[PDB]
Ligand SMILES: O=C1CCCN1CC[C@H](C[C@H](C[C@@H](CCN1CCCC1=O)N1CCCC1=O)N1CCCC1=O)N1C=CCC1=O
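Before any questions on binding or motion, here is one chain by itself as structure tokens, the form solved without the ligand.
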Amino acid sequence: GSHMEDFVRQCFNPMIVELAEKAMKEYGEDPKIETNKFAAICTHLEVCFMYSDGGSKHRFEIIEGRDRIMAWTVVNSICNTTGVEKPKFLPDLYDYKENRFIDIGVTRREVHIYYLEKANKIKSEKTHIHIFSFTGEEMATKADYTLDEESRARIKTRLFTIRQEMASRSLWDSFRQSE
């Protein structure tokens, strides 16, 4: 019973805690032991949700959060109706306005290093990449940040609040080094 686990459950809403637990069990991980990974997946899920709430009413199709079979099912329907290339790895959203997939990243390091790592792993030249850091930095493909400044600023504010809450509980140092 770690202090980080009880922080995660009181920091994020139950629906995000619920979806993070299922995703962790789907890949053979337990939130009780790998607690830094538990906090990271919750954080990434909330950012994806806030991101999709950034645009118009039905601009974004949410891929993250679904189980693997249904996520690929929605990816196939999106590809087989818009003509966009089928990515090698599952993205997080699909932008119906810009007609592209998005993989959102949240990192505790330099946005530069995580982008180059995500681009190499995703191996999908068409998938748009948007990186957020816990320090307020962001990096996106072709400098195209999709949403307006205020929607992104709310995400950055929430990320820094998560950092402060962890630091006030002496959980940030273990969280920052765990990446």
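One-based numbering along the sequence shown.
In this entry, 108-116 shows the higher mean Cα temperature factor of the pair 108-116 and 60-68.
The mean Cα B-factor in the deposited entry runs higher for 120-128 than for the other of 32-40 and 120-128.
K25 sits in the highest third of its chain by CA B factor, as recorded in the PDB entry. Remark: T161 belongs to the lowest third of its chain, ranked by C-alpha B-factor as recorded. For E98, the recorded CA B-factor ranks within the middle third of the chain. Only modelled residues enter the ranking.
For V84, the recorded CA B-factor ranks within the highest third of the chain. Only modelled residues enter the ranking.
What follows is about the form deposited with the ligand bound, which we do not show.
Against the ligand in the deposited complex, the set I16, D53 and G65 is in full contact: each member has a heavy atom within 4.5 Å.
The ligand is not drawn, but in the deposited complex it has no heavy atom within 4.5 Å of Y145.
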